[PDB]
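Same chain, two forms, each on its own as structure tokens: structure 1, then structure 2.
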Structure 1
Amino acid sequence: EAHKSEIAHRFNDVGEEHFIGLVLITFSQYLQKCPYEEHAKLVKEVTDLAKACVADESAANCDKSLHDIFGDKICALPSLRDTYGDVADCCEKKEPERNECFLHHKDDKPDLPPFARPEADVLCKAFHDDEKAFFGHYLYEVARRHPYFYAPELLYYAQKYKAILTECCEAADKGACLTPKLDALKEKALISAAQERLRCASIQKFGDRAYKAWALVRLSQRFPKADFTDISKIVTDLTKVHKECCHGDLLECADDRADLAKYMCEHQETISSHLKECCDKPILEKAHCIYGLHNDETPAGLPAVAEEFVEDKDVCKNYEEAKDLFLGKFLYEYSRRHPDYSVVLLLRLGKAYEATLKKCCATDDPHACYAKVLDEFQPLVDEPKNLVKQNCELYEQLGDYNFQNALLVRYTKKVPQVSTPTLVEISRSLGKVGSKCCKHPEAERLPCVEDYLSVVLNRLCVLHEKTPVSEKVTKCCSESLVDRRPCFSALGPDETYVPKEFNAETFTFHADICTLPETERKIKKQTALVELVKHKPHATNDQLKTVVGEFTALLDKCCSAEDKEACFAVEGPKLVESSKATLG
């Protein structure tokens, strides 16, 4: 952890290749705006220093902290201009504040074009030409758009991207092979980026402990067979791994993650049967495998849970004398008997059990007070099971697009101050929870649904925190980690909100629009739908779909026209007349 030369110690630990990749991710994350060429430059510069220090640990700059080094290289960069570079105010500090400054500027939604994709053939040609520039470009482009991306998983995905391109590219029918396999990879990477952003927010906004509790639960359900001691240890090393990653210490993050996988494999007999799979694999595949490992079968011979946490004389004492160890052990015991609960439910239940001990342990007769505690959970369980039922039914009924449309209407009325891009993006993702999770038998849905919503609500929370516009979002996002979903579910339409008056044909662009694929076109209809509802939040569904209908219709009639621009300043104000006659 603290070596005479850190940069050398990590280069050695990690190998030149992962080290180059981790360093390129570090810069792409800290400086999302900067062109590829500057990052490559800085990466090279940092790698050569690394080489120099391995060679001879007394070399200049070898005794620096990694923060110092990344900071020194950056700061000799106001050279290759800082016009867009608004934050070399950061270079005005020294460490640790210098580094904290760079960190505080990571941007959850940098102004960038949507990561465009080449046609299959072009994508294949690019990869054959030059693999390094190819995957350097990929790390760069994914890191800068997702500045908290779990860094070793990002290396893993580059290597997944590489296996796919190898396989598809030589088939002479590229797109049909490639794009389906790529579009999947994208979805999974976006899931992983959101899971990590949630780990980082938990740590940052709620404290190490909130991530520890969360992790304790998840590992308890995945490794129901291991003992508490071994589960606490994994939880402890894994919280240090995420603290480092989430703070931009990726080199130390990746070395530590690798240390932990190694430890897990060295100890699989006492952890899970399912580890055989993973432990046979190379570094990244092995840590990934472990990262998403299906839960082990819960062991045969466990006593009833009431026996340790209701019946025992010593319940109040353990709660009073060793709160954390005692509540931990609770989360462990309870979580491991229930892999059909979401981690968030199990944490709400852990919360309720705690509030019960707190209330009841200060009475005359605590037992009589907390006797019904495990039983008193049932409502809290029932609450999210109905949300799943009602919303999956609807999804099955409506299909993707119309289920998204309904969620867009729902969410825009609950929190209409939220910006239109954020509401489009949130709703569409909520819509993705539907395709992912509604196809699983009822047992499996809850974990899938509620834990996925938790990730999508955190996206909302982090988009909003930067530019707070909705008191209700601020409240739901700041009160709990764990009650976020029920907090947002409970929200009725906001009747405080002053409707925006029409904004004159906002989507009558000089029509770049007409170049958009159906996908991006759906986004445009959805953006309009959101704007309609902000204008007319008491409008009926049919009235909303009539107006959208004349929007799509308008796009066809004036994208079918040479001088596209012309009938857009002309049809739009008749859409306005269409719109007032239909929504009054």
Structure 2
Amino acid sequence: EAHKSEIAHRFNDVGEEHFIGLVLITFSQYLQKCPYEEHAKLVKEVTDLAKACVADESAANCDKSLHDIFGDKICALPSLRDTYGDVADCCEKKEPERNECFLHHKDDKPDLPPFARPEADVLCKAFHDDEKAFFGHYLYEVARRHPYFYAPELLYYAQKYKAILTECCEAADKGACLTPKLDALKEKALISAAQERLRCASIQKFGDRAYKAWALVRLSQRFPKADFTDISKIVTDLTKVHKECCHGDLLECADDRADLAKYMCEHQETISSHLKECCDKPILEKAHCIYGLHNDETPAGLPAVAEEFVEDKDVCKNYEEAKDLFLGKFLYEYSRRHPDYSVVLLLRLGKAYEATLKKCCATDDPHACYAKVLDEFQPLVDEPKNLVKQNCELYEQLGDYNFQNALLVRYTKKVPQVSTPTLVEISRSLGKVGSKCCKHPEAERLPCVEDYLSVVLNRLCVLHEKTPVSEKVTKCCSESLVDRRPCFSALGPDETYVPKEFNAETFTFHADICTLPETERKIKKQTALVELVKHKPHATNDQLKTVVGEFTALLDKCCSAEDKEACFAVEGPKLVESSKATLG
């Protein structure tokens, strides 16, 4: 059917610069293993096409879908050697199968080196040398390692990075200005990637409704003075935005997100007085500001929630005749009254309210049956608090490195079939929850911890879905979204797993470790700890500290200030004996 060219429409809407960045992230996320040169080629072809179509919408290919265009550019690049498999695989398909094929190949942990950070002088020099190649490489490296990174926010990070560089690269000492600041930016962007990967998994694995309910809760806490209608409209629009982003339709995602920020800012009077801060800012800063805005204050003088949800004669009628409208109003009313609760807790409270209606509205006297419903939330609210206190005390007491080691041991004993790199990455990230949340006062501490654990446990679920080995992980991952944390927390040691019979011997890498920073060295020690627990799951915590001690020792030894060939292979069978000494 006759239409306005989609590529020209999106090119026109977002401008060349964001179009180029969004297209580079598109390619880098679909073909994570192809070199930068290849992607650069592709992005230039797409950008020449878009400019051709903007000039004359009738030009060849201008009427095609964005999927057709990305697909044909990909398939027609002979360069794509197929030394990288599956390029032909998906190119065999017609649309829409082709695009689905490219999409099903996104790898949540592609086989790549940690993103090595050059020294500050080099970094500053490359930036000065050529900004476009510098930021091209940056978007490519971050997108291909995080193939569901929320695309407009990745653009925003690139701008933030550029500001840090501009400020630090003139300084007397570049490194010391730069390093804390790149570090803080990296942590915020990792949290962003983890938050977005949970939105995408909620949509993909549990359906649009799972994310709509999550967004309803969060937005009702952020904008509690807004009416239900406006909140619902925002949720609707944000749902479309994240579905498009999570499915690789990034130009549409970015366009639609900008339109949503424009909308919210034009209606800021009836949403939040806090929006004024954001609404004066330029495009990416404006949306980023809105994305994480602090909660507005609760409106004074709202009725008791039991009026509408317990005492109304029509509770059953509304639940039966308009369930999503009634339960969504419940989530809105209850959430706007409780900014201090975690989203996941509010969703679990919504689920328990629903289950009580399902049961009670089927009886002879439903009010009698659900009268105590809102009271019956207290035990769900209170449930975490003792184990949270004890885990924050553990953290307070142990410090980061030992808290991570405690959790590594705990989670390896729970789900010991999980791959060692996954258990290490997961436990380290659980340890960051300690660090980020325990230092808040308790009223802030319980909501911080609950929602961060949901983002880390989702990382576990998605990594396990790639290499699936543990029935228990499958079960907790697939049974729910909102009970994942109680589900994992409830697991004791798996007394059923068969210990690994290990001569862990020659699991030493020719002293490779020494170009590695203290950080990676810690990861290595933590990897050995996981391996110790899988070999001896009934070992004492003290035995583990010790057999790890003998690891640290043998590390420094062959890795000293002198050069010798193969010190490790005489010492592998003999650490094997020293670990047979402490562990049996």
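Structure 1 provides the reference sequence; residues are numbered from 1 along it. Here the rigid core means the biggest group of C-alpha atoms that line up within 1.5 Å when the two forms are laid on top of each other.
Enquirer: So which one of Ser79, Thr496, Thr229, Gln378 actually moves, Cα shift of 2 Å or more between the two structures once the core is superposed?
Expert: The only residue crossing the 2 Å threshold is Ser79.
Enquirer: Could you check whether the CA atom of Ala561 moves 2 Å or more between the two structures, using the rigid core for the fit?
Expert: Passes the 2 Å threshold, so yes.
Enquirer: Once the rigid core is superposed, tell me how far the Cα of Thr506 moves between the two structures, in Å to one decimal.
Expert: Shift of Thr506 at C-alpha, rigid core superposed: 4.7 Å.
Enquirer: Provide the displacement, in Å, of the CA of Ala172 between the two structures, taking the core as the superposition reference.
Expert: Superposing on the rigid core gives a C-alpha shift of 2.1 Å for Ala172.
Enquirer: Report, to one decimal in Å, how far the Cα of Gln397 moves between the two structures once the rigid core is superposed.
Expert: Displacement of the C-alpha, rigid core superposed: 0.5 Å.
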